[PDB]
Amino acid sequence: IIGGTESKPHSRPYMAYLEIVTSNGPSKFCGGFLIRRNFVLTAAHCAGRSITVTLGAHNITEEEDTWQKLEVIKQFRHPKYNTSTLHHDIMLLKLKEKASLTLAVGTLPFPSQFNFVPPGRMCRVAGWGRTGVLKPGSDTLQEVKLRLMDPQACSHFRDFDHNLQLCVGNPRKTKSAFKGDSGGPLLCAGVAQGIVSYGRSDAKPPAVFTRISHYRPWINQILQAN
């Protein structure tokens, strides 16, 4: 997260930290959020060999009694997830066991098929990603307030689509989600409307987020099929 501040500890109990093992140059990490006791929502771009989720953390380098680390038993990537258009950058993760609902660890509701959040709104995003273009990731959870932009603010991104994605962050400011923040949710008025997906390598906002309302039925299909 670029140009933000450290979250108050445990003020965002749905924040999930994902450790991912790839079939190549070791682990990478991602943000994501708990939607139900054994299900986390993240980006499809955060798919890997094996994944572990740490729930209830603030500083991911020092464990606390709030910590709950669970194994991912299955990865439901979006099948239309395409590495070219980067469309459908959403994935559901099923946990081997159910997280215990505590004040430090909680669930977040995602929107309905008809909740279409428009340009102008200021939403918040949290994460443990890089704090600058070539800067290390953050040990502590950071968060930044960002403005939703009109579709045109993002047309520099090949294949940007209004119905499926969100254009996030004012072009005139530095604030933005960045590498490492992938998978974390965008909260608008207390509802998760997006998922950090991608942006420029130079970290200049806007960055593109997955628009979740649109995937509601699919999330639903898997959640009901378990």
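So that there is no doubt, residue numbering starts at 1 and follows the sequence shown.
154 to 162 and 177 to 185 differ in mean CA B-factor, and the higher of the two is recorded for 154 to 162.
Taking only CA atoms, the mean B-factor in the PDB entry is higher for 108 to 116 than for the other of 87 to 95 and 108 to 116. Across the options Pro13, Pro9, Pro205, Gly25, the residue with the most elevated CA B-factor in the record is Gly25. Per the PDB record, residue ranking by Cα B-factor puts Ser201 in the highest third of the chain.
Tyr215: CA B factor in the middle third of modelled residues in this chain (values from the PDB entry).
Residue-level temperature factors show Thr102 in the middle third of its chain, judged at the C-alpha atom. In the PDB entry, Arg172 places in the lowest third of its chain by CA B-factor. Sort the chain's modelled residues by C-alpha temperature factor and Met149 lands in the middle third, per the entry.
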